[PDB]
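[1] Quick one, what's the 3D model for this:
(4 chains)
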Amino acid sequence: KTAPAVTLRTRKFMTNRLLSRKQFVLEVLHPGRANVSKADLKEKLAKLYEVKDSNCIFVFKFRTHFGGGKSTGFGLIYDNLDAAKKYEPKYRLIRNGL
Amino acid sequence: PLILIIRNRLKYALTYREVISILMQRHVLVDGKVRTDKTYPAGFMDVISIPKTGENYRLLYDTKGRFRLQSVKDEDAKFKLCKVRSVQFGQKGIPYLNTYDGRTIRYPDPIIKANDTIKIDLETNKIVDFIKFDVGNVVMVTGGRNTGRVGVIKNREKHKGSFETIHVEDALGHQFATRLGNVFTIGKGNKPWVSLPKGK
RNA sequence: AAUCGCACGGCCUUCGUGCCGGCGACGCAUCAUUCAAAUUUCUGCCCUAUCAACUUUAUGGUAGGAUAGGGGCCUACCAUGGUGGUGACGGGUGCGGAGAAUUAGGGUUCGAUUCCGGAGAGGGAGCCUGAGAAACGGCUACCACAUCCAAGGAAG
RNA sequence: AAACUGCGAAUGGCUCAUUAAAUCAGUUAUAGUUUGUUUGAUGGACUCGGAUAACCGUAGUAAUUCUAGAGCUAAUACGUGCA
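    Numbering: from 1, shown residues only, chains lettered A, B, ... in the order given. There you are, the coordinates:
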C-alpha cells in the first residue's frame, strides 16, 4: 500500500451516461527504483473534483507485488470531468444498442 | 446401410440400442476394411465380413428388392463387381468412370460405357475384367417386382434420350425385359460370377 | 496471358543421434461424384362471370450486374407488348397429396391430427454465425402485450 | 473436470393461421448447379514462436441483469518459412 513517491499515466477513461458513471484510468507509476504514492494520486483525485463528504472517490484496489512492478492502480467516480477526460462517454453508447 | 444389414443377420433378439458395441469389437469389415461406424451405408455387391473363427457375406437383393446379406464363399469374397453408373468424360481415353459403390476410376484398362461392369479384386484395387452390357452376356436384376432374377441378354433397344429396355432370352419359363438401370451384368463367356440357384 | 494414441526395427550406434519407416481417427482444399439438396417444365388441383376485358419490369429483344446455380430476380437501352367466350385479371371459401367415410357399382363427401412436401412460431422486414437458418429454445429492432426494479436500466 | 477450438444446437417436435399456387402431386430437366461431415476418391515425422479462458484480484450502472481496469497461462483454432 504505503508510500513514497509515484505517478499516474491516464490511459484512456469511458462512461455509461443514463446513470451515474465516466471511467477513470491510470497505471500508477514510480518505475525505475522505488514506490507507489500519495501526492500525485491525491492531485489527480482532488482535481478530479469540487467534493465534500468522504469524496466521491473510493480508492482501494492496490495489488502490486512482493514479486513484481505492475500494479497499475487507478481510483473511483458519481461523476467527474477528469474521469470523463482521458476517454469521454461510451457504455450508454454500447446500450444505444449494438 | 451397414448397420441395418448386419442388424438384419441378427433379427432373433436383443441389440439396436446396444448396436454400437458390435462395430467397436472391430469384428466387421466392408470390402476388406475396418469400419466401426454407426451412420455407414452399404449396398449391392459389397462384401461384409466377420471373425477370426469366421465367415464372409455378400450384399444382394431378395426377390422383392430389399438389400440383405447372403453367405459367400471365401473364394468369391475376394472379388467384387462394380457397375459403371456414370461417366464424366474424359482424359487420353480416361473417362472418370463412376461406379455404383461410389468408387472413382480414372483411366485404362481396355473399353467403356455406362452399364458395363468392372470385376475388381479387393486388396490391390485391381481391375481384372470388364463385363460388357451386350447381347449374350448374363445379368442380375437389381430392383422391383422383377428383382432377384438373372437372364441372358437377347437384345437391347435404344431410343432417344436413353437406352430404354434390355430384353432377356431367358427364363426357365419365359422372356422378360427391363430398363437398363435395373440390369447389372454378372457374366460373359470369359468370366462369370454365376453359381447361385434359380429363378422365376 | 496474368500432432494424438500404441508400436517395434535396420544402420555409425549402450541409453547417445541423423532421415525414413505398420495401423488406428485427424485434417483442409470440389479436382468427376456417393447417402443426404435446390431451382425449372408438358399436366391436373374448390365455387362464384350479379368478376368480363387484364396488367405497367409487367410483358418482350439485347447487354451487364447478382447468385451455389436459371433468370424483368435486380438494373440500363431498344421494342410496346403478352393474356382471356377452352373462363385470363379478380372476389369469396364454417394446407395439397398419401388418404378417410359411404354406397352393389357410380359418384358424392372429406382432405385433417398421422405418413409426405410446404409454410410459421405475438405481427413484420433485415442480418451475423455456421456446410446448411433467412432460425420457437440467436440477434437486431419498430409496434402489441404480460414482467423485474435498490423503480438507473434490464426483461420475455 | 471448468473455459477456448472442432462436430451439434437448422435434425427433431407441433399447428394449418397463411393457403387454388409450378403450393403439391406424378414425370422430366439440370454440364444451368450446390453436397461440407461421411461412405469413397485425389494430394501430401525439420527447426519453431505468438496471446488467451478457467484461476485470480477488485469493480460499474449496481440487489441487479450483465462485462470490464486487471495478474497468470495452453493451442492439429493462427502465422510461417516449403518440390
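
[2] now the helices: where do they sit in the chain?
    You didn't pick a chain, so chain A it is. For chain A, applying DSSP state H gives helices covering A:39-47, A:81-85.

[3] switch to chain B, that's the one I care about
    Listed in chain order (using DSSP H), the helices of chain B are B:2-10, B:20-24, B:74-77.

[4] Please list the residues outside the last one that contact it.
    Among residues not part of helix B:74-77, those counted as contacts by Cβ atoms under 8 Å, 6 or more residues apart in numbering or on different chains are B:47, B:49, B:56, B:58, B:122, B:193. No exception for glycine: its C-beta is placed from N, CA and C like everyone else's.

[5] And the nearest residue in space to residue A:71 that is not next to it in sequence, how far from RNA strand D?
    If the residues on either side of it in the chain are set aside, residue A:71 comes closest to residue A:64, at 3.3 Å by Cβ to Cβ, 6 or more residues apart in numbering or on different chains. Per Cβ to the nearest atom of the strand, to the nearest Å, residue A:64 is found 10 Å from RNA strand D.

[6] go on, residue B:109?
    14 Å.

[7] is the closest residue to that residue other than its chain neighbours in a bridge, and if so with what?
    In this structure, residue B:109 finds its nearest non-sequential neighbour in residue B:127, 5.4 Å apart by Cβ to Cβ, 6+ apart. Partner residues in beta bridges with residue B:127, using DSSP bridges, are residue B:120.

[8] which residues does residue B:127 contact?
    Taking Cβ under 8 Å, 6+ apart as the definition of contact, the neighbours of residue B:127 are B:105, B:109, B:118-120.

[9] and with 6 Å instead?
    Shown here is residue B:127, whose contacts under the criterion Cβ atoms under 6 Å, 6 or more residues apart in numbering or on different chains are B:109, B:118, B:120.

[10] my read: the residue nearest to residue A:71 touches residue A:73, true?
    No - Residue A:64 is beyond contact range of residue A:73, at 8.0 Å (criterion: Cβ atoms under 6 Å).

[11] which residues touch residue B:133?
    B:115-116, B:185.

[12] distance of the residue of chain B found nearest RNA strand C from RNA strand D?
    Among the residues of chain B, residue B:88 lies nearest to RNA strand C; the distance is 3.0 Å by Cβ to the nearest atom of the strand. From residue B:88 across to RNA strand D, the span is 5 Å (Cβ to the nearest atom of the strand).
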